[PDB]
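To start, the structure itself, in structure tokens.
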Amino acid sequence: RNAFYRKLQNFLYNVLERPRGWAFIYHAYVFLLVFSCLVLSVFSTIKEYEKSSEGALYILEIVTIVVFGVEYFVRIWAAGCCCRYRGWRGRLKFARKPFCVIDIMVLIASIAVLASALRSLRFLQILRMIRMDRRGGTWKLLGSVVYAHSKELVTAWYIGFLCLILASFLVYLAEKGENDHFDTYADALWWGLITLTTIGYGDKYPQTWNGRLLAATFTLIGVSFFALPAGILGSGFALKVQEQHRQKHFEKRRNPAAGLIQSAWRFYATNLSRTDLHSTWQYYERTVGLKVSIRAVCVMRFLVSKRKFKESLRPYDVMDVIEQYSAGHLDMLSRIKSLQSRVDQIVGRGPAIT
Amino acid sequence: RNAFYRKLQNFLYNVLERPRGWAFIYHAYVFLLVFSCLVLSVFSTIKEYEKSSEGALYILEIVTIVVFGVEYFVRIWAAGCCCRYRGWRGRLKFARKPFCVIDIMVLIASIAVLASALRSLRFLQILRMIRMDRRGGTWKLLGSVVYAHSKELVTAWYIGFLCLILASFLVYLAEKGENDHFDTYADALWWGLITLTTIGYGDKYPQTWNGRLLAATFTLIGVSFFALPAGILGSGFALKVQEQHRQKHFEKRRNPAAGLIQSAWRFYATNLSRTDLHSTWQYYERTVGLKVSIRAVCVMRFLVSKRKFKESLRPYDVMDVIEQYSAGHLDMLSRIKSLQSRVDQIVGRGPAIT
Amino acid sequence: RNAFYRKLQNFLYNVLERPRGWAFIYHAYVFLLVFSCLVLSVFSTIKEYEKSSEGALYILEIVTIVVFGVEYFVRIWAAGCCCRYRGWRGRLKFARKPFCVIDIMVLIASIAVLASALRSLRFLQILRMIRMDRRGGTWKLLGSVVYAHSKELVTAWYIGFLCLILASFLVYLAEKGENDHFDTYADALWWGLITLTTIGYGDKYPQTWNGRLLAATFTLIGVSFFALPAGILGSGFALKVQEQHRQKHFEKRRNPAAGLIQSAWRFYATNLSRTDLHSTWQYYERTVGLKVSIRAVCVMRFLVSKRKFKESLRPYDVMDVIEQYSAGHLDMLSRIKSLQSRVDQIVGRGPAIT
Amino acid sequence: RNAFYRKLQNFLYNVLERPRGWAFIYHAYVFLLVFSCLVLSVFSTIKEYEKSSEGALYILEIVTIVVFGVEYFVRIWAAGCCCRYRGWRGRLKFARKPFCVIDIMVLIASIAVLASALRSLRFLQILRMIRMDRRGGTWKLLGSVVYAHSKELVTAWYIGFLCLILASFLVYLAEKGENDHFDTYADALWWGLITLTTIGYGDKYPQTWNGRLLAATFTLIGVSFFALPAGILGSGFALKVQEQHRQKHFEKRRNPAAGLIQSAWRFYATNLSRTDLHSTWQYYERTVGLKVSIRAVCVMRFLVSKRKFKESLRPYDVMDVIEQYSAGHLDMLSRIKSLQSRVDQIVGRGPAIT
Amino acid sequence: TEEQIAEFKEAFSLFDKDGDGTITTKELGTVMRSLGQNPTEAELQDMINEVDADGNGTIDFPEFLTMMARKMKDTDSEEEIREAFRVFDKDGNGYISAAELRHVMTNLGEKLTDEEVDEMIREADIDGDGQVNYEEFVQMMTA
Amino acid sequence: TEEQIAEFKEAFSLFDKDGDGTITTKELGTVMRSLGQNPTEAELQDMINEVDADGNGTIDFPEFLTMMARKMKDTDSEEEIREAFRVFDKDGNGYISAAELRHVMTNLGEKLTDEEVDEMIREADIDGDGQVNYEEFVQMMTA
Amino acid sequence: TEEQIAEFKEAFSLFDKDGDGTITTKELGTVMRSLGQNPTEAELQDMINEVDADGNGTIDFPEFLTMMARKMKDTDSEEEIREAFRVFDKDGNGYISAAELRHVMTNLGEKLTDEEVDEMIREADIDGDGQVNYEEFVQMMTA
Amino acid sequence: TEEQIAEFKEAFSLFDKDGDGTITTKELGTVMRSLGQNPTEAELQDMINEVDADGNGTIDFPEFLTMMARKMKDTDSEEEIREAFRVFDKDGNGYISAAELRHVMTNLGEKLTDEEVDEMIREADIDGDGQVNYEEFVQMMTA
Ligand SMILES: C=C(C)[C@@H]1CCC(C)=C[C@H]1c1c(O)cc(CCCCC)cc1O
Ligand SMILES: C=C(C)[C@@H]1CCC(C)=C[C@H]1c1c(O)cc(CCCCC)cc1O
């Protein structure tokens, strides 16, 4: 009941906060609901579909609002689970976080609207869509990748901007009079942009052959330099995700290392023959012929924990095995130094024994 | 005859099932036939080409159906080779597999149609084209790559969707009245989609300068984030293919390792001087001065197998050689530990001999 | 005052020359100013915005020119800090550099114009935008990447050019008469270019079905080969930036190595017991019971410097740790050779002692 | 004269055949000449530029033909240099190679045309442009990359083709009646192709909202899968070029290894004290106090060659250093095994000496 | 020996409640929760598999007394403990501060009571330094 | 020795049917298929080449006696056998279970009869453990 | 010994101006500026921390005598000095030219005066070659 | 010794034609083309530099006698020759066939006449195998 109450509070907090399994399914379902709300809004904007679209949108939005309200209430009521925030004071303290500010502002705006509204609805929908992240993971990853490849991205921007400016100016000069698409340099800049990005609307295109040749010569280089950032960002995304996975692997290594050291010390301090080991026997007594059984379970725990840790020492990378084996190489250096010292002792004794 | 019958059944089953060499050529030819059928259907849809296109399509489709029927019958009749499925009962059991269900459904639909039909023909053609894979290799590879890069792909989708929504809304605001292309937010969303993908049909484009400026400022970022997935998927495809090749290399290593161990034991147990080795001599007797000839054969087989295995231990990778050499490094650890023990014995004797 | 004068000159030269922190902020602000000037010029080209755009442009350009003048004067006056250029003669010698030639030519052209001018203004703005780099870092990086991937880029150009020529010619043959878009081979070449680059203006497109099929078959391959250079350049940019970062890491390793060797020698030559060490004591005296305090200072500096160098030996790469550990492996080879020599001595003595 | 004649023949053959330095400049100039010929032909196709374009084209083409003929004659006359082809018979034997067949066919076609010609001129221009390669390097590289990434490319083709077919069919169904762009499935297929490739001509686009929704939903995935091959090919090109560079590095290693072994044996066999070394002294005598001078020459050569080879053993890669150090690791295994044998001898003597 | 054999017989009887000579995973779970620790079914399964040698899902007496006589020197845990402490040595100095031991020993893996860390430091700070050399510690547990 | 030389002469006569002193690939093939094993022409070519030292496509008597006297200590197969068993040691424990040996021995490479695996375990399970230390097995094969 | 303890007491009194038994970072700053070298607050803090063992921000007498008695052989700087000289050995020959020492010693890190490099070469050019084998230098510094 | 010192006097007189005690690159070039081999100016420059120790562009007599007395055991060319032969050991067997030596010795680097390869195999084919163990070759060249 009470213990079950706290257990359920913690479990639901885990579901709402960092999810792993089925909590991800629930988050996907609520994401699908909000995405359907946005799609229904877009449909309602269509004139021929306005009636039924809005009719369904009203009910789907009331469902969305009740779901959001119950989610926020459960968040506040489960905020006491963590040791950081406990009780009503702790929950209110947690509610002060900026993300909770965003959630509550969206909630109050939505309830005010429900109880020219199209633009406010659009803004609120965009805000909740942004709210879907709940961790800034996407934004943090994008920022990290941009910062990591800042030099390449800035070089691409500089080269592409110079190419765009020069190509637009040259085509404008080559098509100032003949073509009415390029009556002003701003039109030429718009053309250069929609060409170097390969969008090519077709509203403005060169028609004079000098303009066509200049456009070709510059658009080759321009499209190359404008497509550069996509590849740069893809490589950066992959690299950063791999780095995060490596860090997670190393933490998953850290935990079984503690397990192994714990079990090894327990096994060594539960030896039957040795004395002054009450510091370990007292632990088993508090948890509770029995001595030998305790020793057996302890040594078997050590075996299983050593197996777990050894499996946890997967290479996962070239650098990882290189470091692990370099530890052993330093151990070899120490051992061979010891052998050198012993052989020095032997050669010193040689004259003595002769 | 009978043994030849089973051999031919196995060979043809291998041809239909996992092919390596010329069976791939046969599969390519049948794929070309079905692709020509699809192309002829598409041509038949063209009005000015309908007569001759349909005339050739009828005969090419009858050829396709007879080829498909003979292939399916040969598959069913050759399904008895594998130990999993033998005899009529085994063949019928194999026919229950979902892929055989797809093939038989396509066959019956085609024979019913031949013996508003255009849409059914189109559906059947797409179904057989999908059927061409026969192993889901492409689909499995795509799914594995998508799952592996789930975070990067989802981040790209989230950021690109937010960019599309915001750019479409801003351009819609900037061109609500002046431009008739953006009379509704749905039209603006369509424009944003066909721009950020760089398709740029040209049916809708901004014309107001505020709209043009917003479109540029947002389309740069949007095209970057929309082109991200292509690079991500390319990298994933390459990585997964390399991983599969590495696994295949390791299996090709596994087999000659067994060969080497087998030959080594056979040659160690064929030694002339040693006794209690009839357990190996009986095998050679069953296969059938002969003793020395058999030993020569055995040592020769050991030599060739050792050569094969050693060649099979190609580096193929940094991690592979790192692991192979780490085995030897652990061996060095053991040997130097033994030397340390022996030197400890020597230093213990030192006082004794003095 | 005077020393403060030289210190301020050097600090402001560092801000103006290679920047690290807030000097980058100042450079970003001046870049934003010049970019706003360029944007205002582009706006002034727009007819409906000409009045206010030009009105703001005049004042923003006078601000830009005063900022540029003060920056150039401060550059000339701070050019004396470096040992290469000192005094009025040194500053005038530095002013001869080609980049300063570009800056001064831009300045004089701008002041002449201020005190058909639109084209001259555009040229001057482009020139200063190019001038923003101040180090050719972007141009050097692009040239290095192009040279490094010269073979791949040239192969892509050759294949893509052949594909463009062949596709344009074939579509021209297939659409010579039916379509007025392809009345000349030059028009077909323009179409092939704006297709293979995926710009697709829409001014020219095949309409005959033979032309459409040829365009499809060739445009697949053509768009692949035309999009190749973007990926090639992205990979090259990433690789070159990583190489530069590795070199910077190795220099950051080089400096603490000197620190460590310096401190080690100082600590070894400041030993209290040892004599003939005045060469080290004199340094600490000219910098100025005291002797032991100096020894403590020296050994403590050695500890901190050793810590700095050790943390400076970060792997940063597989090759780096491989080289560092190969040094130790060669050391181990030498040590084991020494042990072999000593064991040879022992085995030589064995017969003698027997 | 005669020796100079053969030297010049070899030098010019190297210029025409595999060039390294300034022969590349000559090849670039002739490439520029032929490219100018092609550009002038394309210009001549333009009606308003026909007169002057053709006038310049005639003289530029006569220059091109004289240069081409003299180059071919010099190739035939310099083909006698190589040991494979010597004399008139050797030159005629070499002229049989398929590339010379292409060259001679182009020459005869050009001389026949010069001494409906536009189409033949275009074909000849394309053929000579293809001829510019002279080694198939680009074609070989592209084929190698395609074969290496066959699985990824085929998977991309399969998935993209299925996506194109399905999207075109669905849009055709959604726009069969409302839109006149999609009156036939072939038209819808053309739209789907020019959409998924992101060419987006704009001649055909969906207008019904069901069609627009389907087009968006499918074009996202389709453009991803259609842009996949560009990245795949870029990665393959980079990998293959790196592999070729590695092989070239290993050959540049192979040659100085022979140099080092040669010099080492010469220095070991030029020792003054050792006898039976006339086998090396005769070499120096035939090349021609002198003995010691020759030995000094030999040891000096050994030092310089050892330096050259050691510098030639650059890392260049993780695998390279791993292999080089694994050689030493095996050597260490052997040395430690020898030490184990000696320690076994010592422990056997232990009981004996006691 | 014989007396240790009798001790192991008593231990087996304590484990093998059924008395059939085979320890069942359910019996192991019961004895564990009697000891105050709750294991999981898969955890106990992998546990017995690690202690199992005959692949039967249980343990006969000879495997039990072999494990009981199985000294840790034979187990060859020197490298494993070395790697664990290296993992917890964020500096690579070859040692580890006492406070880090206090934090880690009672926060990860199977958290130990303050008494356990007290005995850990007692047998670790042989020189009274706090920055125990983990290599020395594993060497001492081995010896 | 001399008697071993006579035995090798009898063996060579058995192989070199033509009696010309050179073993032809066809002679080796016929003796193989007489033994009951069918080799391929390329396989036999690689075979003879692995023995062939004079580059003649055949083997003279000195090479035959060299292969006969070639003890596997000289061959230096310790590393190769170690690597093979490591390949088949899916865990890296330094040993391998008996059941894995039974499965692989008679299902991979040149499948061996049950008698061969029986003698394998007989000369391998010296401690009667089943989890044979493959390193010890190769060491005893070498010794 | 006792006399060295008294010398260290004099040194501590010179350092610990306050006389409270704890050397403050500010006291270290004053003594450094008296010595003619100006350190930074963060530099001095990390410096004492590398010297600090009780985590107090200062140093007690036992730590001062520990660092005074801390012979560099215990420090184990062989590998570090080896790596530094290898870093400055642009060729990898195992040595380094005298001119490179003249340039580096007086231009990098804490630049040393000509006298320091003179004594460096004096105690380094034992063979009078100039191309000092830095392995020998580190070995003699250790010895 | 003194007699070898006078022999080196004669050698230097042969090299140092000018007699100033400094060997000029032009003197080395003329003596080389007298010997029948034509070096390049940069090649001879790198030559002297590798032998040059005083950084003067020439060689004083002490350096010449150092190079004369410089035995190859000091040079430590074991690893270099090992790597060269491994480069030419396309199989990694630890040996190399005689025919490959005949081809390589007279086709790459500084091609050697048939006499040189004959003496090479004479002093290398100690066991008359042809598949010379290059490890043994470098070891004997060192010994
Ligand atoms: C400086 C860049 C970006 C490279 C390198 C220099 C040159 C010759 C062209 C660029 C480039 C293209 O811009 C486009 C292609 C595709 C084929 C174009 C058909 C003419 C290849 C191609 O290398
Ligand atoms: C020589 C290149 C560049 C490859 C390999 C050969 C072939 C089959 C096609 C090229 C290619 C495309 O040009 C386009 C796609 C995307 C799907 C196209 C839908 C029909 C895949 C695809 O492999």
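A note on labels: chains of the structure tokens are A, B, ... as shown, every chain counts residues from 1, and ligands are counted from 1 in their shown order.
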
Quick one: which chain D residues come within 12 Å of ligand 1, and what is the nearest atom pair for each with the distance in Å to one decimal, counting only C-alpha atoms and all ligand atoms, rows ordered by chain and ascending number, as a tab-separated table?
```
residue	atom	partner	partner_atom_place_in_ligand_line	distance
D:35	CA	ligand 1	20 (C)	11.4
D:230	CA	ligand 1	16 (C)	11.1
D:234	CA	ligand 1	21 (C)	11.5
```

### Message
Need to verify the contact set: residue A:344, 9 Å, only C-alpha atoms, exclusion of same-chain residues closer than 5 positions in sequence. Can you return it as a PyMOL selection string?
### Response
(chain A and resi 339+349) or (chain C and resi 342)

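In the superposition of chain F on chain E, with all Cα atoms paired by position, the RMSD stands at 0.2 Å.
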
Distance limit 6 Å, atoms considered: only C-alpha atoms. Which chain C residues sit that close to chain D? Return them as a VMD selection string.
chain C and resid 155 186 198 to 202 224 227 to 228 231 to 232 319

Export of the given selection (N, CA, C and O atoms) as a compact mmCIF listing (two decimals), in the first residue's frame:
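Output (part04.txt):
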```txt
# COMPACT_ATOMS: atom_id res chain seq x y z
N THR C 155 38.47 12.23 -61.79
CA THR C 155 37.70 11.11 -62.31
C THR C 155 36.22 11.43 -62.32
O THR C 155 35.51 11.13 -63.30
N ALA C 186 23.28 23.11 -78.34
CA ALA C 186 23.62 23.92 -77.18
C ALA C 186 22.47 23.95 -76.18
O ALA C 186 22.69 23.89 -74.96
N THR C 198 20.61 18.40 -61.02
CA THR C 198 19.34 18.32 -60.30
C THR C 198 18.75 19.69 -60.03
O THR C 198 17.87 19.83 -59.17
N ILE C 199 19.21 20.72 -60.74
CA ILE C 199 18.58 22.04 -60.61
C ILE C 199 17.19 22.01 -61.23
O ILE C 199 16.22 22.47 -60.62
N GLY C 200 17.08 21.46 -62.43
CA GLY C 200 15.79 21.31 -63.08
C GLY C 200 14.97 22.58 -63.09
O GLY C 200 13.95 22.68 -62.40
N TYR C 201 15.42 23.58 -63.86
CA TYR C 201 14.65 24.82 -63.97
C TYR C 201 13.25 24.54 -64.49
O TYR C 201 12.27 25.09 -63.97
N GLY C 202 13.13 23.69 -65.50
CA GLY C 202 11.87 23.44 -66.16
C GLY C 202 11.68 24.19 -67.45
O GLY C 202 10.68 23.97 -68.14
N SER C 224 24.27 10.94 -59.85
CA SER C 224 25.23 10.30 -58.94
C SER C 224 26.61 10.92 -59.10
O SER C 224 27.24 11.36 -58.12
N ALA C 227 26.87 14.58 -57.91
CA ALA C 227 26.84 14.73 -56.46
C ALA C 227 28.06 14.14 -55.77
O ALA C 227 28.28 14.43 -54.59
N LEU C 228 28.85 13.33 -56.47
CA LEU C 228 30.10 12.82 -55.91
C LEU C 228 31.00 13.90 -55.29
O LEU C 228 31.46 13.71 -54.15
N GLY C 231 30.44 15.00 -51.49
CA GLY C 231 30.90 14.05 -50.49
C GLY C 231 32.42 13.98 -50.43
O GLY C 231 33.00 13.90 -49.34
N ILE C 232 33.07 13.99 -51.59
CA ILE C 232 34.53 13.95 -51.59
C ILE C 232 35.09 15.13 -50.81
O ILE C 232 35.99 14.97 -49.96
N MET C 319 47.57 5.56 -33.66
CA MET C 319 48.97 5.62 -34.05
C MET C 319 49.82 6.22 -32.94
O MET C 319 50.98 5.83 -32.75
```

As a PyMOL selection string, please: every protein or nucleic acid residue near ligand 2 (cut-off 9 Å, counting only C-alpha atoms and all ligand atoms). (chain C and resi 216-225) or (chain D and resi 142-143+146+149-150+152-165+193+196-197+222-223+225-230+232-233)

Since we have the selection now, will you write its residues out, keeping C-alpha atoms, as a JSON list (two decimals), in the first residue's frame?
```json
[["chain", "number", "residue", "atom", "x", "y", "z"],
["C", 216, "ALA", "CA", 15.91, 8.90, -67.12],
["C", 217, "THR", "CA", 18.56, 6.31, -67.93],
["C", 218, "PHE", "CA", 21.32, 8.89, -68.15],
["C", 219, "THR", "CA", 20.17, 11.21, -65.36],
["C", 220, "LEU", "CA", 20.38, 8.50, -62.71],
["C", 221, "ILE", "CA", 24.10, 7.99, -63.36],
["C", 222, "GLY", "CA", 24.66, 11.67, -64.06],
["C", 223, "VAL", "CA", 23.19, 12.92, -60.80],
["C", 224, "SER", "CA", 25.23, 10.30, -58.94],
["C", 225, "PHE", "CA", 28.47, 11.47, -60.57],
["D", 142, "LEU", "CA", 34.90, 3.52, -61.17],
["D", 143, "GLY", "CA", 34.52, -0.16, -62.00],
["D", 146, "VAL", "CA", 31.18, -0.24, -58.16],
["D", 149, "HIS", "CA", 30.19, -1.71, -53.17],
["D", 150, "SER", "CA", 28.02, -3.94, -55.36],
["D", 152, "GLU", "CA", 25.07, -1.46, -51.23],
["D", 153, "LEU", "CA", 24.52, -0.09, -54.74],
["D", 154, "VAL", "CA", 22.18, -2.94, -55.70],
["D", 155, "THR", "CA", 20.23, -2.58, -52.45],
["D", 156, "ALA", "CA", 19.88, 1.15, -53.06],
["D", 157, "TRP", "CA", 18.70, 0.50, -56.62],
["D", 158, "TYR", "CA", 16.17, -2.12, -55.51],
["D", 159, "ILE", "CA", 14.68, -0.06, -52.70],
["D", 160, "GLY", "CA", 14.66, 3.15, -54.74],
["D", 161, "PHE", "CA", 13.03, 1.44, -57.72],
["D", 162, "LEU", "CA", 10.34, -0.07, -55.51],
["D", 163, "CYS", "CA", 9.75, 3.33, -53.91],
["D", 164, "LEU", "CA", 9.56, 5.03, -57.32],
["D", 165, "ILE", "CA", 7.11, 2.46, -58.68],
["D", 193, "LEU", "CA", 11.50, 9.91, -61.40],
["D", 196, "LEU", "CA", 12.75, 11.40, -56.36],
["D", 197, "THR", "CA", 15.93, 12.52, -58.13],
["D", 222, "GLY", "CA", 12.75, 8.28, -52.24],
["D", 223, "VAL", "CA", 15.14, 11.22, -52.30],
["D", 225, "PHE", "CA", 17.49, 6.38, -51.34],
["D", 226, "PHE", "CA", 18.23, 8.13, -54.65],
["D", 227, "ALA", "CA", 20.96, 10.26, -53.05],
["D", 228, "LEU", "CA", 22.52, 7.21, -51.36],
["D", 229, "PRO", "CA", 24.67, 6.20, -54.39],
["D", 230, "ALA", "CA", 26.51, 9.54, -54.50],
["D", 232, "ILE", "CA", 28.53, 5.42, -51.52],
["D", 233, "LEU", "CA", 30.63, 6.24, -54.59]]
```

Assign secondary structure with DSSP using the backbone only, and return the residues of stretch 140-208 of chain A in helix (DSSP H, G or I) as number ranges by chain.
A: 140-148, 150-174, 180-182, 185-196

query: Near residue C:293, within 8 Å and counting only C-alpha atoms, which residues show up once chain neighbours fewer than 3 positions away are dropped, as a ChimeraX atom specification?
result: /C:289-290,296-297 /G:11-12,14-15

Within 9 Å of residue D:103 using only C-alpha atoms, minus same-chain residues under 4 positions, as number ranges by chain
D: 72, 98-99, 107-108, 127-128, 131

Writer output for current selection, C-alpha atoms, as a compact mmCIF listing (two decimals), in the first residue's frame:
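The new file selection.txt reads:
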```txt
# COMPACT_ATOMS: atom_id res chain seq x y z
CA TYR D 72 50.66 9.70 -83.24
CA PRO D 98 43.27 -1.53 -79.15
CA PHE D 99 43.99 2.01 -77.97
CA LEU D 107 42.61 10.04 -87.21
CA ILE D 108 41.27 8.53 -90.43
CA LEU D 127 35.64 9.61 -79.29
CA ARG D 128 38.80 11.70 -78.94
CA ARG D 131 40.73 8.83 -75.94
```

Would you pick out the contacts of stretch 116-123 of chain H at 12 Å or less, using only C-alpha atoms, so that residues sharing its chain but fewer than 2 positions from it are not included, and give the list as a VMD selection string? (chain D and resid 261 to 270 276 to 284) or (chain H and resid 96 to 107 110 to 114 125 to 134 136 to 138 140 to 141)
